[PDB]
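What follows is each chain in one-letter form.
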Protein chains: 4
Amino acid sequence: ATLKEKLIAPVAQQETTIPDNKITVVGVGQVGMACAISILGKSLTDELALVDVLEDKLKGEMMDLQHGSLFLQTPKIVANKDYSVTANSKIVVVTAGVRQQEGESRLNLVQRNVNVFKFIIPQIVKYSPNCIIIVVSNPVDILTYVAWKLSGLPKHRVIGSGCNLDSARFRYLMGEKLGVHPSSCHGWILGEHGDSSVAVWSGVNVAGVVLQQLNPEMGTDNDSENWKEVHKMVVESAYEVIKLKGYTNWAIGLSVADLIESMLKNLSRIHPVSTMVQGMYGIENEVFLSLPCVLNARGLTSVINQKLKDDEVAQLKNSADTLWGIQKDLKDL
Amino acid sequence: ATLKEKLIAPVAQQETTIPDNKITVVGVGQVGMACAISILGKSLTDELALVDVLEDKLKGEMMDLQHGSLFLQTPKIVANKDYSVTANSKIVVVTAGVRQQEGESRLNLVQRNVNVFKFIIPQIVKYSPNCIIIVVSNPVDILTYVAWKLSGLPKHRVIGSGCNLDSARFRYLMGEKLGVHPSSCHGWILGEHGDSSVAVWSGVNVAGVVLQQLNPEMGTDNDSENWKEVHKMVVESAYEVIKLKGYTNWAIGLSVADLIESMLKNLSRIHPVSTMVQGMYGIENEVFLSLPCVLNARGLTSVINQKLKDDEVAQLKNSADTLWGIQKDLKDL
Amino acid sequence: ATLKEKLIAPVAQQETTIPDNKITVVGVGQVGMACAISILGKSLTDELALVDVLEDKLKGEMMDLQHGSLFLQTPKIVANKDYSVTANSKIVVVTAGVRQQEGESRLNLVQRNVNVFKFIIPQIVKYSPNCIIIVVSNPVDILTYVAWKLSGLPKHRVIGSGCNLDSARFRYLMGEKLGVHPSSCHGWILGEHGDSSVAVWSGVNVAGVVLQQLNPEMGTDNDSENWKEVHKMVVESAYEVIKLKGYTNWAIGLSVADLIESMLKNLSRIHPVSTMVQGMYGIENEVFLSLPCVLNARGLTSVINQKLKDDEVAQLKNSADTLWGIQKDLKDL
Amino acid sequence: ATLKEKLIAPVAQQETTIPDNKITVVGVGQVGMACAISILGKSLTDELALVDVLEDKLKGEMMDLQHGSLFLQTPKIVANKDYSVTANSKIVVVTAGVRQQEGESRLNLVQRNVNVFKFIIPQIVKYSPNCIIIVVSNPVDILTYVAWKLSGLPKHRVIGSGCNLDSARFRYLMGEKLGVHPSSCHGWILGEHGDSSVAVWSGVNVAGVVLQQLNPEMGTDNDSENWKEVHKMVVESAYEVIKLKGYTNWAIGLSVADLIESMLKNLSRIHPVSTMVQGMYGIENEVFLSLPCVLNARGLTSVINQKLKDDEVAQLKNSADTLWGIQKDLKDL
Ligand SMILES: NC(=O)c1cc(CC[C@H](O)C(=O)O)c[n+]([C@@H]2O[C@H](COP(=O)(O)OP(=O)([O-])OC[C@H]3O[C@@H](n4cnc5c(N)ncnc54)[C@H](O)[C@@H]3O)[C@@H](O)[C@H]2O)c1
Ligand SMILES: NC(=O)c1cc(CC[C@H](O)C(=O)O)c[n+]([C@@H]2O[C@H](COP(=O)(O)OP(=O)([O-])OC[C@H]3O[C@@H](n4cnc5c(N)ncnc54)[C@H](O)[C@@H]3O)[C@@H](O)[C@H]2O)c1
Ligand SMILES: NC(=O)c1cc(CC[C@H](O)C(=O)O)c[n+]([C@@H]2O[C@H](COP(=O)(O)OP(=O)([O-])OC[C@H]3O[C@@H](n4cnc5c(N)ncnc54)[C@H](O)[C@@H]3O)[C@@H](O)[C@H]2O)c1
Ligand SMILES: NC(=O)c1cc(CC[C@H](O)C(=O)O)c[n+]([C@@H]2O[C@H](COP(=O)(O)OP(=O)([O-])OC[C@H]3O[C@@H](n4cnc5c(N)ncnc54)[C@H](O)[C@@H]3O)[C@@H](O)[C@H]2O)c1
């Protein structure tokens, strides 16, 4: 005796430490923490890693997390800095303080961005080269193909995000306005993230999956009520809230948590978020952008292709084009 | 037809909006949000309210929360400002940006504090005069009896908090050092919150509830390993992390969430946190301070009284005394 | 000292025992237990009651439940027999071993049924006359209005059930056949429970809420694949499985759990299950039957009215009629 | 177009079906289903398998399970019969209708048992030779070493079970009698399963982890209250309930669910259940029996060794011995 309490390490199997799984966030900050909580809270960690190019906040941030320890069931969580540890993995996510611009049109850029994302990513990928990446930063499209490309494997590893978010916005208010329920009810959006963001009025329905078109009778902008105004307001909704920002995070992260949950577990479900644009609804070049799709086991398997074709089609279509158009030039690390 | 979709309000019961339950936070900020997440996340809202003497953050803060909406199941959450709405309730909690001092000994004060807590509390209590209050702010003791008193009903409504926190700290590290498990294992602390914080080595055990005293053989400070150093470090642990603060929140709130969960549901369990000090282990006057106890349905029912009596007894005992001693004077709204 | 451990009952508030809420099952058996598990498991008990006109199974049944105790968080669960205790409530459910007939068309009857349900119900209602009742037994319609009527309050208290079940059946297989996801995807059924059960092909869609009609092109029975055969098989699906029965229960109860969850919490959502048939889609007399609707706080608030009108309309319509037609006579306690 | 809806299989990664994980039950029946529910309900399936030497119940049983489908999130569950599929795994459990004897002392046997377990096990092990086995059947000890042995790897793969169960029994009643809480409070048992089952009064405590010995003052059987009678009753408690049995299952399975949860995730915690008896508290030969221990990642890592030594020591000690003594002969496939 001596060592402490009965037995000593071995006694059965032995020295090792095998999670099976594992995950991580490069948003140890707001989105990070928001993410962390949702994640540390829901139910997902067989093993979890957290980290950034920060030494301080890290120390402090984890302390609250680590301490909570006994309130949530997640045995292990590592903190440190560079990109060695995290390896043990599957799902990894990076933000990188730059984000928006604080005003309007999500970061047209990639320019000084290439830098910010790169020295972080190519590190993580090597260590757990066998994972999928959730890339967030304004124009999700832009980076998804940026990350995917420099990173490693088209539609298997690269998942942007967006959409689910806009839908939520689209849905709650409207629903509430309509006069209904949180859970059921339905209808989507297509494309990017503000300054275009195009909705589908072709399927908007209520706790049926019947039709609100036959009823409230079509037209948008020639009726007052203002269906049109509704979706615009929303874009604004995503927009202004300039007074308070990292609460974009609360929900943002929440959404991401939902996605990861969705992706991590393998539900074969459905979620927007920009991946490939090659199902069989031809799109002008590399393409890139959203479209409702289903995620699982390794990343995604199948996107859902279609719509009416009344300008909205173009609305959706043209946006992607116009930017790459100019991006062509702007793009080049 | 016209109104929209089939039926119209009535059809069954009718006009009303009856949660059954309900709750709230005056920490719409850090602790607030930290709290909010844990809460909005775990599983507790049949109906939820959030608010402060803030107009802005509020707007922004809720947006992320409200939007998440579809990711968590909590039908309704109200934002607004003063203290009318929230009424619908049971559990309510207030922080109030003042908190610490950023350096060491938790806010000796109450002075300019009386103000900060009062114009908030006496409002809420009237509207949902039928609730229990979780008061947090450095010297939990100090305010619990302050809130309780001006507020309404001794050991039925006033619950400080502390302890569980210190235990967690006490436990994880130690356990890890020991070489064991997150969940089982055990041993407590008594008193206040730093600069005394006294532990019980009289019951510290491991996944048995047997004894580590018989083994690692007693003494503290005459052995090197440094059991003593261990608990001190912890106090420091709670202490320094001055680089990053609101992560005190992450865990702080987490803990509070645990408590509320515990209290809200009615588990008849056990949790430190300062209430009455009159079980039958006589304490010098009004008294106030912690001691492991059991919470339920309306607040608490029963505290757990006891220890060895070797100076530690005094350690615990004397602290409370010395402050009231001086507080006597300092106390008086 | 003496009594045991520190303090004694009072010390704060005092003698009382106040859940806030509470619920119960008269299917202490299969459905009962199935129900119990789902319920004891998910997250719903602030306070729970279970009981029947059984003394034995009760004793035994609860033991496993009660013992699990420490694995799930549900402080209290009472067993006993008659109908005094349970009072403390909101949601109560009765089955009553008679159920089917073991062969085909769900219990045409009510005859010897009136008896089986009555001596149980009018008891419970008085004690917790302030609740809502989930009545299950073949022809849900039949009894809902039977229970509701003798019981107390039309569309406020009486909720049959059915539908969600048929949808599930409708959906999984089909979806799987289609080649898709568990969660998203959609389309419903209307009416009763087998031997008619009419689906809506007018809204069947996939992870869009777009349209599968425009595509797989209409017709049913003039195409081979056999959309038609599909829904029939399902009815059969509900049907045969005569080899094993109480697994109808597993899912049955699961479904009921989903419903109650839905109802208990107040989600303002959507769920079939037969209530009132008076939205504003006139139905021949008392009426009774399903139709997707939204449940909440006290029972239901609003049903969703509509369809195409191609025979299917009649299909749905006529069934209800024909039975009441004959029921008229058969009905009379 | 034609196939149905947009895109076709590939589009990203491709043809494959990779869970990551997976699990199974050979108690498709009572314990099985009880297990299934707890499991299908809590949160554990990235991928799940269920099966037995039954064709019928299987068909029926799964139907309820499969249908529930949309109520719980567990994408895939396979049914079929022999032992090919399940392979994909980690944790597997077998019961095998024989179980008790319906009267008293848990199945002294192994005799006709060897048969019942063998033709099932050696099948599963080959396919997912990389797992851990939860063996249940009266004398857990007996089979654990039986399964382990013929099966494959001592203390790495073989986990009996028992104990947690007895503790629960020990705890609830007592606690309730005491007058306290579901969650906190503590004290254990050692050995086997009835007709000896020896408790530790050396650590029995209350929401402290302090001491009830110093207080209610020692002795058992020389005091009336009847601490002694208490634990006996319990054994009886496990015993009689002969009127109703498979509710032993409800809890039994629940407990097993708790264990698996514990084991599956890797909490490094603590749980009785018989494994190795070689920590360093020497036990007469092969040994076998319980003792509180910690489970994780691959099975278990470390058991907790100790007690007083007053006859109880012998009580515990001797039982194991006496049976092997005779078993020696009886043992031999
Ligand atoms: N996907 C979305 O929906 C989304 C939305 C929004 C807001 C508007 C949105 O469209 C909506 O409709 O609601 C924003 N974002 C993106 O989220 C990122 C996170 O933003 P944040 O909350 O501001 O995180 P942060 O504070 O920038 O970063 C904090 C931590 O980041 C690390 N960090 C900071 N700088 C750097 C660096 N140079 N290198 C490495 N790490 C760091 C450090 O660990 C910090 O503590 C954001 O991208 C936003 O656009 C996404
Ligand atoms: N109970 C604890 O364990 C605890 C610990 C700690 C840190 C150290 C701790 O002992 C430990 O060991 O970990 C701190 N606290 C207390 O938590 C309070 C919350 O701190 P916070 O995260 O800093 O919240 P905040 O930012 O002060 O407040 C933000 C919001 O508060 C409102 N607010 C601010 N000022 C005022 C006002 N004058 N009136 C009304 N509302 C506001 C507004 O809504 C803000 O958005 C803190 O008290 C700390 O001591 C408790
Ligand atoms: N709502 C449904 O979907 C549903 C479906 C089905 C099967 C087919 C279905 O349409 C489907 O598509 O899947 C059946 N049911 C109804 O569920 C009831 C429960 O059936 P069960 O599992 O058979 O419960 P039980 O064994 O009859 O009853 C066991 C306990 O009932 C009590 N009990 C028994 N007899 C009496 C009595 N005379 N008075 C009071 N209590 C009892 C005792 O406590 C028993 O232990 C069933 O109604 C079925 O039709 C509903
Ligand atoms: N670990 C425990 O705590 C435990 C306790 C108890 C009761 C007393 C207990 O000590 C206590 O304190 O509460 C019992 N058990 C063991 O659980 C086993 C399950 O019992 P069950 O609920 O009776 O399952 P079952 O009905 O026997 O089996 C049903 C299915 O088993 C398969 N099956 C049946 N026979 C055979 C076969 N010959 N080969 C293969 N499969 C099957 C088929 O799929 C059935 O549908 C039980 O072992 C009990 O002792 C464990």
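Residues numbered from 1 in each chain as written, not as in the entry; some residues may be left out. Chains lettered and ligands numbered in written order. Heavy atoms only, no water.

The record names X-ray crystallography as the way this model was obtained, at a resolution of 2.7 Å.

**Brief notes about the site of ligand 2**
All names here are of chain B. Residues in contact with ligand 2 amount to 23 residues; listed here are only the nearest, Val-31, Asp-52, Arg-99, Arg-169 and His-193. Contact between ligand 2 and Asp-52: an oxygen atom at 2.2 Å from a side-chain N or O atom of the residue. At 3.2 Å, a backbone N or O of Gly-97 approaches a nitrogen atom of ligand 2. Look at ligand 2: alone it shows 970 Å² of surface, and the protein chains cover 87% of it. Breaking the shell around ligand 2 down by element, the ones donating at least two residues are α1 (30-42), α7 (164-178) and α9 (246-265). The biggest single contributor to the shell around ligand 2 is α9, with 3 residues. Looking at the shell around ligand 2 residue by residue, the class counts come to 7 nonpolar, 11 polar and 5 charged. (Near = heavy atom within 4 Å. Polar contact = N/O pair within 3.5 Å; in protein donor to acceptor, adjacent residues only side chain to side chain. Areas by Shrake-Rupley, 256 points an atom, 1.4 Å probe, with all protein chains shown as cover. Helix = DSSP H or I, 4+ residues; strand = E, 2+ residues; numbered from the N terminus. Nonpolar A, V, L, I, M, F, W, Y, C, P; charged D, E, K, R; others polar.)

**Structural notes on a negative patch on the surface**
A surface patch of negative charge is lined by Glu-104, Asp-195, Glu-236 and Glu-240 of chain A. Position of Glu-236 of chain A among the secondary structure elements: in helix α8 (residues 227-239). (Patch = residues over 30% accessible without salt bridge, like charges linked within 9 Å, V, L, I, M, F, W, Y side chains within 5 Å. Salt bridge = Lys/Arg side-chain N within 4 Å of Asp/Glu carboxyl O. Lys, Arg positive; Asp, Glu negative; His and termini not counted. Charge placed at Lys NZ, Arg CZ, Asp CG, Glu CD.)

**Side note on the interface of chain C and chain B**
For interface size, the figure often reported is the accessible area lost on association. Across the boundary between the two partners, chain C contributes 32 residues, which contact 32 residues of chain B. Looking only at chain C, the three residues that lose the most surface to chain B are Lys-6, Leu-7 and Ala-12 of chain C, adding up to 20% of its buried area. Viewed at the interface, chain B and chain C are joined by 4 salt bridges. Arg-298 of chain C is paired through a salt bridge with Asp-20 of chain B; the nearest N and O atoms lie 3.3 Å apart. Along the contact surface separating chain C from chain B lie 7 residue pairs in polar contact. When contributions to the side of chain C that touches chain B are tallied by element, the ones reaching two or more residues are α6 (154-157), α9 (246-265) and β10 (299-303) of chain C. By residue number, the principal contributor to the side of chain C that touches chain B is β10 of chain C, which donates 4 residues. (Contact = heavy atoms within 4.5 Å. Buried area = accessible area lost by both parts, 1.4 Å probe.)

**Structural notes on the site of ligand 3**
Residues and elements named next belong to chain C. Near ligand 3 there are 23 residues, and of these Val-31, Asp-52, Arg-99, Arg-169 and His-193 occur at the shortest range. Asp-52 is positioned with one of its side-chain polar atoms (N or O) 2.2 Å from an oxygen atom of ligand 3. For ligand 3, an oxygen atom lies 3.3 Å from a polar atom in the side chain of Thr-248. Here ligand 3, which alone exposes 970 Å², has 88% of that area covered by the protein. Secondary structure elements with two or more residues in the shell around ligand 3: α1 (30-42), α7 (164-178) and α9. It is α9 that contributes the most residues to the shell around ligand 3, 3 residues altogether. Of the residues that constitute the shell around ligand 3, the class distribution is 7 nonpolar, 11 polar and 5 charged. Lining the shell around ligand 3 are residues from two domains, each supplying at least three of them: domain 1 (1-162) and domain 2 (163-333). (Domains from an automatic or database assignment.)

**Digging into the interface of chain D and chain A**
Between chain D and chain A, the residue contacts involve 34 residues of the former and 34 residues of the latter. Across the chain D to chain A interface the summed buried area is about 2700 Å²; carbon plus sulfur atoms make up 55%. Counting the surface chain D buries against chain A, the share from its top three residues, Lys-6, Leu-7 and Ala-12 of chain D, is 20%. At the junction of chain D with chain A, the criterion picks out 4 salt bridges. Across the contact surface, chain D and chain A share 5 residue pairs in polar contact. Within the residue set of the side of chain D that touches chain A, elements represented by two or more residues are α6 (154-157), α9 (246-265) and β10 (299-303) of chain D. A per-element tally of the side of chain D that touches chain A places β10 of chain D first, with 4 residues. Among the residues forming the side of chain D that touches chain A, the class breakdown is 15 nonpolar, 11 polar and 8 charged.

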